[PDB]
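Next comes just one chain, in structure tokens: the form deposited in one PDB entry.
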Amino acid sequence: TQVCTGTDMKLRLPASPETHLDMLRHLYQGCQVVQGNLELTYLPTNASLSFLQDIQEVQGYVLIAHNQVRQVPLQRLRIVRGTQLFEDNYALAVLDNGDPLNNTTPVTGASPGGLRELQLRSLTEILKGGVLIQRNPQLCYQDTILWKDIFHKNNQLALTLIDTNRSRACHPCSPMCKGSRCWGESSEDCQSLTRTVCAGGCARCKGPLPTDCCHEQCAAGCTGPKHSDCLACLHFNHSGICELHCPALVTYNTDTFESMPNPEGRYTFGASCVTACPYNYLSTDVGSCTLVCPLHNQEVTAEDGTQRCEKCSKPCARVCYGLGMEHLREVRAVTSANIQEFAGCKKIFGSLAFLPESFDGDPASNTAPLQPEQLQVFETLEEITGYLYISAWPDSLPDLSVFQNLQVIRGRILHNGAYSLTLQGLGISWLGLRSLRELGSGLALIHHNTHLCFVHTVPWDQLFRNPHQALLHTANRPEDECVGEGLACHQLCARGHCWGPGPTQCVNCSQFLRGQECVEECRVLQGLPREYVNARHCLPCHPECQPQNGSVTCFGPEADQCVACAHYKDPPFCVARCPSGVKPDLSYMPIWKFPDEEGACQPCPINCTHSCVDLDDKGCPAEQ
């Protein structure tokens, strides 16, 4: 896919180095449009950074900090849309990218740690925010840059905080450069001016000729002067055409504005017009893919299995909120207080962050660590939206066995813009989420678990959706001793897929099941009960069904399908005792029914409207 979503961490440190690097690589492998932010921090020396060559447009902001690699290739980058800015002031931040200036005495011929020279030959647009460059003890040429050319005329915040201190005598701009403002020493690094050398009123142009003016809806430079020839669409890119609005999906007559579906309808996703919304987002009636349904509009699963927001006539159902969703917005974790709102929540919305305080208490709030026997709140939950943080579990629980019915987690709310799970600080031994069958979006980290197996075995790929998702191993208990001890699935588990030890958890198994365990076989003729097969389920025969091995005991659950009733026949049913009949619809027992010779629950020939005291030897009321 050409569209990914970037991280959101600002200056928080990596969860792990050997995980952070691969996190970047999985997030930006072949991506061309980066929705969300773009963050590069604590990049070690000799970093690959090749996966960045094909990034063209950034929809958030660019952050680079505390780096020791000497060059970060971002040539094909063109436009920085600045949707959400760094510190609400910056859209391109490059700071501290050099040695801490403490000791770090370089040996002979050693390049000191720090970005040698910016190299961005096609970055010629910034739609908002400013530039923040400082504390770069090896950067060159950053001052000889005409930034106001890079900025956009609407970006009135043309505020730059640029520093010039350096410890190396930078080589002069190569003579081929014009204006002596060069990104680098090589001849092709001279800045291309597209905002100081255009015609009168031309925002962008190919060159200093009054026919080089770009169309009114391009971004930076143009191959041709038609709106289909932009290097980057300003507002919407509908099928290679730069338009101002995606075509509406309903036509209204000018008299009644009656809604007639328009086959040429387009939904909006980022700065692009998409015919149908992507997998995880929701299509609303107003015509925009989103994540959270608006007010008085509720999730409804469409006929084709997709989801969409539908209008409510009656008040929409009582959706059981989680955390960080609507009104528990800044609520961090679940105490014993909010947990009570989670009674009868088959579907939850929002995160459930679990800081260690949840299981270590907070004296100021008078909240004890929540009980390991306080988890019954989360038992009928079947769908969570957003992530599911975990950094405290009870030791009495050997795992996260609590959520046996959570069937769907969707990644509509990720932890840092990146993470849909997390398993860090735990001491658990497995998972046991036997019913989690879909994991919408975002990487799932399982981090710093010293007692954990069942991560090299979980059926991953069958849960993810896009190629961009990836799952990251770190500090997890070694698979080598996991196998040696034998923390894997068992034979019935199809394809070696599982979640934890014991035959309980298998996403799939060859033989049948009797409710919570894949079986070796059903008990049809041999077996303590008698069970008939249905959807590979061994439903037990009715107790009245006489267990007659050698013949099919039953053909169903009700009494009618027993091969031969054990005791008596009240046709068409099997009974252990021929019940005393009743005359009316309203309850009244005159007896009036006796078992026959072979079990036919005969009615009593005798009738006693007066309820005669004398009782026939058969049980009938004997007439006085």
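Just count from 1 along the sequence shown to find any residue number. Here, rigid core means the biggest group of C-alpha atoms that superpose within 1.5 Å across both forms.
In what follows, reference is made to the form deposited in another entry, a form of this protein that is not presented.
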Core-superposed between the shown form and the other one, the one of 430, 151, 90, 532 with a C-alpha shift of 2 Å or more is 532
Per-residue C-alpha change between the shown form and the other one, residue 565, threshold 2 Å, rigid core fit: yes
Does residue 550 shift between the shown form and the other one by 2 angstroms or more at the C-alpha, the core having been superposed? yes
Cα of residue 332 displaced 2 Å or more between the shown form and the other one, core superposed? yes
